[PDB]
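This report refers to the structure that appears directly beneath it.
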Ligand SMILES: CCCCCCCCCCCCCCCCCC(=O)OC[C@H](COP(=O)([O-])OCC(O)COP(=O)([O-])OC[C@@H](COC(=O)CCCCCCCCCCCCCCCCC)OC(=O)CCCCCCCCCCCCCCCCC)OC(=O)CCCCCCCCCCCCCCCCC
Ligand SMILES: CCCCCCCCCCCCCCCCCC(=O)OC[C@H](COP(=O)([O-])OCC(O)COP(=O)([O-])OC[C@@H](COC(=O)CCCCCCCCCCCCCCCCC)OC(=O)CCCCCCCCCCCCCCCCC)OC(=O)CCCCCCCCCCCCCCCCC
Ligand SMILES: CCCCCCCCCCCCCCCCCC(=O)OC[C@H](COP(=O)([O-])OCC(O)COP(=O)([O-])OC[C@@H](COC(=O)CCCCCCCCCCCCCCCCC)OC(=O)CCCCCCCCCCCCCCCCC)OC(=O)CCCCCCCCCCCCCCCCC
Ligand SMILES: CCCCCCCCCCCCCCCCCC(=O)OC[C@H](COP(=O)([O-])OCC(O)COP(=O)([O-])OC[C@@H](COC(=O)CCCCCCCCCCCCCCCCC)OC(=O)CCCCCCCCCCCCCCCCC)OC(=O)CCCCCCCCCCCCCCCCC
Ligand SMILES: CCCCCCCCCCCCCCCCCC(=O)OC[C@H](COP(=O)([O-])OCC(O)COP(=O)([O-])OC[C@@H](COC(=O)CCCCCCCCCCCCCCCCC)OC(=O)CCCCCCCCCCCCCCCCC)OC(=O)CCCCCCCCCCCCCCCCC
Ligand SMILES: CCCCCCCCCCCCCCCCCC(=O)OC[C@H](COP(=O)([O-])OCC[N+](C)(C)C)OC(=O)CCCCCCCCCCCCCCCCC
Ligand SMILES: CCCCCCCCCCCCCCCCCC(=O)OC[C@H](COP(=O)(O)OCCN)OC(=O)CCCCCCCCCCCCCCCCC
Ligand code: SF4
Ligand code: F3S
Ligand code: FES
Ligand SMILES: [Ca+2]
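Protein chains in written order, with the numbering used here: chain L, 1 to 59; chain S, 1001 to 1044; chain P, 2001 to 2103; chain U, 3001 to 3074; chain R, 4001 to 4043; chain Z, 5001 to 5285; chain V, 6001 to 6093; chain H, 7001 to 7070; chain E, 8001 to 8196; chain Y, 9001 to 9062.
As structure tokens, this is what we get:
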């Protein structure tokens, strides 16, 4: 059975002011939360790093 | 807040649709327990 | 998929389903899960709280339910302040003791 | 978009027990007792300490095999 | 309808969020090792 | 006899995606034997064509150059001119011709709308693109599978239910002109689905979330004074994300060719659901 | 009051012998999607909560440490070690 | 201290003692820069105000102290 | 027997108290759909739902001491115990239907992930045999279930409206060629006409 | 063969996304963090960004 397909609406709709206005707020909140979580993860990651070793050192 | 994160993941990710409301609630309970533990432990 | 791999996969998923079902529905395991679920519900949905819906006329609400927040705050603040005072007293006592013992 | 942020408590968790308000004083008593015990132990350990450094503070080292630790000058 | 100690609940939730964010991000306790090359010296 | 094909399918999918991005908006000229001089006098329509019944067919734009001085100025008129004069295999739904049935809803040049009452850019330079409704499965050409839309419409019980017998049975359910005008601008929906195919929440969750149109119909049956199942309908639409998924984008009221305002109806429904949730606690005590 | 007549009837009168066989494969597929979204998504948050304190507060997890003193052994070219137990504590604030 | 990289030990008579000194002097500058950065971070943090600083200086800046000792 | 007195008092209190609520909880469970029948209790208000689920087992299993019971009290306790057992069976039935619903929804989710626009890596033109067999057997079981609920028009209608929805969506997801006539043979009889 | 139909320059998912998303994602980050980060960094340096040299940096081995 050949599965049916469709043309995604957002690929063929003229850009509108409503999309912009609403997705702007959604992206603002997404950016805020992502920035907070990424800052936490960045602090964790950098603090996880090892200490600098000597030159040509084994173990 | 937690509710909103779950709602966004459900509405945008097709795979996340697999989870029941019961599994979501279990994640909610575990997250609340972990948050309480974090708050308590940081001060110890 | 290949029908041989199909046989293997069907057998494996059947084994997984059977293992999960047995572990969940076994007598002692079933009882353990059944009790722990209710314990978790009690803990999560009936944890101690300071804010709650008041559905009773002022004549039908106890005094405890009007001053519980204040009692809790008094207890916690008193505990913190008393621990601070005990820390200071212990600092002074230790300093004096080790001073009088030498130098 | 819809506004959803708020600090108000959710009605799902706002119920009381049959006999009155939730068990707040009873749990706070336990919390205060536990905090008292924990902080008392911490204070007692912390404040009554001194560092005594003399020959009697040193003992002979040994391996996990129990033998005396000695390393050659290889 | 009335909610006992609603304001206390709001402030407790706000405090919990603030404390959790403070410890998770350590926003206030930054690192200044990156600024050391860009700092003057005394003594 | 068959074997595992995860690798072949994966490679084919990636390669096809890349190629389609390179060759997006594939176009085939209906009549290549046209002198570029002639095309100065004719406007270009890019019509989406796809016949899943034929195993050898794939989606594609087809370019038709037509003289716009031969038929009236509407999308449906141009589509039917192309069908009758150029290629009568084109497929599209059409009943009313005056924007009432709502069958001809299509993506008329970037905007979902009824093709029968929508004009097209008269300029001969900019091409016009006619495609089916976006997020609906395509059956053939400009014909989509609106079955799910109707199935959702059925779930709201769109029939007057009354819990109180009529006093005399020789009269009509009384309703003052105010309780009737309360429905004005709300019962004119023709179920074209043009709005709901433009709602992003309906793009993401077609099944769990009812469309703006169906929810507007539920609101119409709720605000109606003659029906007595107000609270029951409110509760029914309050399940999971049948209504909560709406994010008040407002595109629904912008696209509606009939001029209706489904966004306002959904806002009122949300307010009523919130009040219902609160007073299920406040009242019963 | 809501007219729950039909739901009340459904609750009162339900079959007590009707059951449906469950395709084990699909049940397992859904459950393992759930496990995928637990271990690989909520696992990140859980491990962060569990470990980040152990990264920013390490001294409270290792209470006792050891210190050594050494002496030479010339006649055998050896080194003699004396160990000592200490309470692992901050140093050089 | 800006110690020179050229060891002053005699390699002919004290080989290991010369090698140890050479390696120490070679890595001393880099490790000194790291130590200075850590100490600057510690003292600047201690100069903070209330929660941003002093109120929680000694107890919560533990990884920095551990790095400094290492 | 002080411990016996306390055990019996606890059992009586919990069981009788919950028995007055079983009607409401069961009605609410019926009201929602089969995707998450306990959705209202998890999200909106736990109207003694978890209490019923927990104490049904105790009512079934824990013993009784009639000498600690009155006459009318013992009759009331037996009635409440029977009500709790009825709730146990009702919950089991709802769980079975809900899991079957999730089976069908799993099939539909696989199809949807197949036809998703973001699916640039696993796009398949032709449905494979395994999912076709799964669809056929799932629809067979669904038809058998509908038949088995001929004595309960409300239950039959709810099962249709809830579970058959995803069967209809699966029907819409694919073209009418290949093995389609055979796969949806049972569905084409009545259900297909309902979902139009 | 996957055929994609897309208006790159006018569809809501296209150049309009490039114009919209970057200026909306960074709204709260900039307007909050930058003042907040500046306050957090400067409040330490009431007197200056001085490194009190605990080690003899000016002393070089002869
Ligand atoms: C498409 C390809 C793209 C490729 C990209 C490749 C990128 C490679 C990056 C490499 C690593 C860079 C690390 C920089 C560290 C900076 C901090 C620092 O120096 O710390 C010193 C660091 C110690 O860190 P720490 O002090 O403990 O804590 C650091 C923290 O950041 C805390 O420090 P802080 O407290 O000072 O923090 C400052 C504060 C500052 O915050 C603020 O105040 C924010 C201010 C923002 C202002 C922005 C203004 C922009 C203006 C916009 C205008 C628009 C107008 C539009 C108009 C339209 C029309 C109207 O917070 C932040 O900086 C926020 C950071 C959190 C980020 C949150 C988001 C995370 C997720 C998203 C990531 C990006 C995805 C992009 C996807 C793109 C897709 C197309 O130690 C060092 O000396 C290390 C130096 C850095 C090198 C590390 C090397 C590690 C190597 C690992 C191996 C693997 C490498 C792989 C490389 C691959 C390359 C391809
Ligand atoms: C350094 C520290 C360690 C870092 C790594 C830590 C990893 C921890 C464990 C992570 C476990 C993840 C898996 C469990 C979660 C649930 C997954 C799931 O739904 O399973 C089924 C689902 C598959 O469903 P399906 O049915 O096969 O797909 C068809 C459905 O319609 C699809 O429907 P759908 O909506 O469900 O599918 C969306 C799907 C996404 O899946 C997809 O459908 C597509 C995935 C590939 C997209 C690739 C980009 C496409 C083009 C976009 C434009 C890019 C432009 C770049 C250049 C710009 C130049 C200016 O979303 C997810 O995968 C959800 C979770 C995603 C975030 C967590 C994973 C992060 C991995 C980061 C590392 C990846 C490896 C290194 C890559 C770089 C090497 C140089 O996911 C998978 O099985 C794949 C999992 C992801 C694999 C990696 C793909 C790349 C992702 C990159 C994200 C980067 C984010 C930025 C921050 C990164 C910071 C590190
Ligand atoms: C403290 C140290 C020792 C701890 C030991 C813990 C042992 C737990 C074992 C659990 C075993 C399974 C239990 C199954 C259930 C059996 C009982 C039952 O069905 O309930 C009967 C009874 C009545 O139930 P019901 O009739 O169904 O009522 C609910 C209905 O909705 C009807 O509602 P209603 O409106 O009719 O009102 C009825 C009311 C009636 O309730 C009452 O009457 C109970 C009121 C409280 C106790 C009153 C008595 C106080 C004096 C006791 C003296 C005992 C002396 C013992 C001496 C022993 C000597 C050998 O019910 C309630 O209000 C329920 C209260 C639930 C409280 C839950 C507390 C959660 C938070 C706990 C941790 C808090 C940490 C805070 C830290 C924060 C730091 C900043 O409820 C209880 O027994 C409540 C038990 C609650 C706690 C259980 C779980 C504790 C877990 C703690 C966390 C540990 C995590 C460790 C890591 C994990 C791996 C180890
Ligand atoms: C196997 C079993 C199953 C396992 C499943 C897997 C997961 C594990 C489950 C285990 C079960 C327990 C889980 C933890 C509880 C989860 C609760 C939850 O999710 O609730 C969500 C739920 C969320 O509701 P919501 O609607 O979002 O509203 C939340 C808002 O925050 C609204 O909040 P609110 O407004 O209602 O406030 C709450 C209330 C809660 O607080 C309390 O009332 C409790 C107090 C503490 C009691 C601690 C008792 C601890 C007893 C321990 C005994 C030893 C145990 C040993 C056991 C050993 C093993 C047997 O807060 C307060 O009372 C605020 C006090 C503030 C004091 C301020 C001080 C002021 C001083 C100055 C005075 C004035 C001076 C003036 C000077 C003027 C100068 C000019 O929370 C609540 O509604 C309840 C409140 C939150 C309770 C949190 C409790 C956390 C406990 C964690 C314990 C971890 C123990 C680990 C042990 C490990 C051993 C190895
Ligand atoms: C490392 C830290 C560890 C601690 C912290 C843990 C934190 C995390 C949470 C953990 C949660 C999961 C726990 C593990 C699962 C346990 C499952 C289980 O019990 O399996 C039984 C279950 C069999 O029972 P069944 O099938 O439910 O019942 C039918 C049977 O034929 C039997 O029929 P039957 O009638 O012959 O016998 C019925 C009854 C034996 O019947 C009796 O003899 C009577 C028992 C007491 C009845 C309640 C009287 C309450 C009177 C008022 C007390 C007031 C106190 C002061 C407060 C006043 C103000 C509120 O036996 C049971 O079923 C015992 C179940 C456990 C206790 C249930 C009672 C709860 C309420 C009372 C305790 C809590 C305080 C509530 C206070 C407030 C009340 C309003 O399955 C098994 O046999 C599995 C065995 C293998 C698994 C491990 C078994 C462990 C056994 C532990 C026994 C503990 C006894 C209590 C010790 C209390 C010390 C102070
Ligand atoms: C360390 C690893 C880091 C890697 C970084 C990778 C970054 C990935 C960023 C992804 C952004 C989001 C899109 C992918 C994920 C979508 C998930 C989702 O829910 O979507 C589902 C939906 C699709 O599904 P749907 O529309 O079918 O919705 C589901 C509907 N049902 C349930 C009915 C099936 O959305 C999409 O996937 C939209 C895809 C849009 C793709 C846009 C591509 C733009 C490319 C721009 C290139 C610019 C180049 C410039 C070069 C300049 C040179 C000079
Ligand atoms: C938005 C949604 C997604 C969000 C995701 C969020 C994720 C949160 C994660 C939380 C946990 C964080 C854990 C951080 C661990 C970091 C380890 C690391 O790589 O550190 C860098 C390390 C070198 O560091 P170090 O030794 O300290 O040296 C510098 C000292 N000054 O580097 C090394 O030592 C290098 C060797 C180790 C790293 C190997 C990595 C292998 C990756 C294999 C990828 C395979 C898949 C490829 C796919 C594409 C194929 C075409
Ligand atoms: S809601 Fe608007 S667009 Fe949709 S059918 Fe009704 S009138 Fe037409
Ligand atoms: S366009 Fe879309 S999501 Fe809500 S209000 Fe209007 S429907
Ligand atoms: S052609 Fe009649 S309404 Fe569209
Ligand atoms: Ca009405």
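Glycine included, C-beta positions come from ideal geometry on N, C-alpha and C.
Taking 8 Å as the cut-off, decide whether the C-beta atoms of residue 3020 of chain U and residue 2064 of chain P are in contact. yes
From the DSSP output, read off the bridge partner residues of residue 5112 of chain Z. Z/5107
Which value, in whole angstroms, describes the spacing of the CA atoms of residue 8084 of chain E and residue 8076 of chain E? 12 Å
If we define contact as Cβ-Cβ less than 8 Å, is residue 3050 of chain U a contact residue for chain V? no
Considering only residues of the same chain and omitting the five flanking positions on each side of residue 8138 of chain E, which have a CB-CB separation below 7 Å? 8103, 8104 and 8107
Measuring CA to CA, which of Y/9020, Y/9055, Y/9003 and Y/9012 is closest to residue 5019 of chain Z? Residue Y/9003 is the option with its Cα nearest to residue 5019 of chain Z.
With DSSP as the reference, label residue 1033 of chain S as helix, strand or coil. helix
Three-state class that DSSP yields for residue 9058 of chain Y in the structure shown: coil
Can you tell which of H/7038, H/7049 and H/7031 has the C-alpha that lies nearest to the C-alpha of residue 9039 of chain Y? The shortest C-alpha to C-alpha distance from residue 9039 of chain Y to any of H/7038, H/7049 and H/7031 is the one to H/7049.
8 Å is my cut-off, CB to CB: does residue 8044 of chain E come that close to chain U? yes
Assess, as a yes-or-no matter, whether the stretch 2066-2075 of chain P is touched by the stretch 3019-3034 of chain U under the definition of 3 or more beta carbon pairs within less than 8 Å. yes
For the stretch 9007-9019 of chain Y and the stretch 8-20 of chain L, state whether three or more C-beta atom pairs, one from each stretch, are separated by less than 8 Å. They touch, by the three-pair rule.
Cβ of residue 30 of chain L within 7 Å of any heavy atom in ligand 2? no
Which residues in the same chain have their Cβ closer than 8 Å to the Cβ of residue 5050 of chain Z, if we skip the five residues on either side of it in sequence? 5057, 5058, 5059, 5060, 5138, 5140 and 5141
Could you list which residues in chain U have their beta carbon closer than 7 Å to that of residue 4010 of chain R, in chain order? 3007 and 3008
Run down chain E in chain order and give the residues with a C-beta less than 7 Å from the C-beta of residue 5010 of chain Z. 8121 and 8122
Assign residue 5054 of chain Z to one of three DSSP states: helix, strand, or coil. coil
From this set, E/8112, E/8026 and E/8018, which residue's C-alpha is nearest residue 5135 of chain Z's C-alpha? Among E/8112, E/8026 and E/8018, the Cα nearest to that of residue 5135 of chain Z is on E/8112.
Burial state of residue 5202 of chain Z (16 or more Cβ within 10 Å): Residue 5202 of chain Z comes out buried.
For the beta strand (DSSP E) that residue 5046 of chain Z lies in, which residues bound it at each end? 5043-5049
Any heavy atom of ligand 8 closer than 7 Å to the CB of residue 5263 of chain Z? No.
Helix, strand or coil at residue 7029 of chain H according to DSSP, with G and I counted as helix: helix
Please give me, in chain order, every unbroken run of the beta strand (DSSP E) with length at least 3 that falls completely inside the stretch 6036-6090 of chain V. Listed in chain order, the complete beta strand (DSSP E) runs (minimum 3 residues) inside the stretch 6036-6090 of chain V are 6064-6073 and 6078-6087.
Who are the neighbours of residue 2053 of chain P on chain R, taking C-beta pairs under 7 Å? 4003
Name, please, each residue of chain R whose Cβ falls closer than 8 Å to the Cβ of residue 3014 of chain U. 4003
Under a three-way DSSP split, which group does residue 14 of chain L fall into? strand
Beta carbon proximity, residue 7029 of chain H to chain L, threshold 8 Å: no
Taking residue 6026 of chain V as the query, report the chain Z residues whose CB atoms sit under 8 Å from its CB, ordered along the chain. Neighbours of residue 6026 of chain V on chain Z: none; closest Cβ ~18 Å, over 8 Å.
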